[PDB]
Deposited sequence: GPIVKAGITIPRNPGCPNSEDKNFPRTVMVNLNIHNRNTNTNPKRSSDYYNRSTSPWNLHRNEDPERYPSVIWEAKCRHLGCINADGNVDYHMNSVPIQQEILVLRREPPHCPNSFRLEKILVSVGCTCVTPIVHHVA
């Protein structure tokens, strides 16, 4: 399970029809400690008239990212690999219509 690891460390959010804002996710026990996550500005999307269109949806596009967590806790030299979901931006989708 253990390996040797060497350390070797666009206005879209505003211009999108599904705009978003970045939110600070900070964890001192994690590397990267700070992760900037996208949160969709509206439920709907922006139409050709520049207004919010309720019949389209701004949805966050999420991806699995690899993070290091101190193991055991508060140990600066020992870590565990973790997979977390982060929102990197938002997209505009036509909604799903539900019936039974």
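Positions of the deposited sequence absent from the coordinates, in order: 1 to 25, 35 to 46, 138.
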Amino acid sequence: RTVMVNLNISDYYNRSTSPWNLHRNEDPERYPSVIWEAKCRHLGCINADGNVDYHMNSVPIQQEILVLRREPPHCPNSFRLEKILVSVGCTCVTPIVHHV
From here on, numbers count along this sequence of modelled residues.
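When the two stretches 46 to 54 and 71 to 79 are set side by side, the higher mean Cα temperature factor goes to 71 to 79. Annotation for 25 to 33 versus 59 to 67: the higher mean temperature factor (C-alpha) is found in 25 to 33. Looking at the C-alpha B-factors along this chain, the one for residue 92 belongs to the lowest third.
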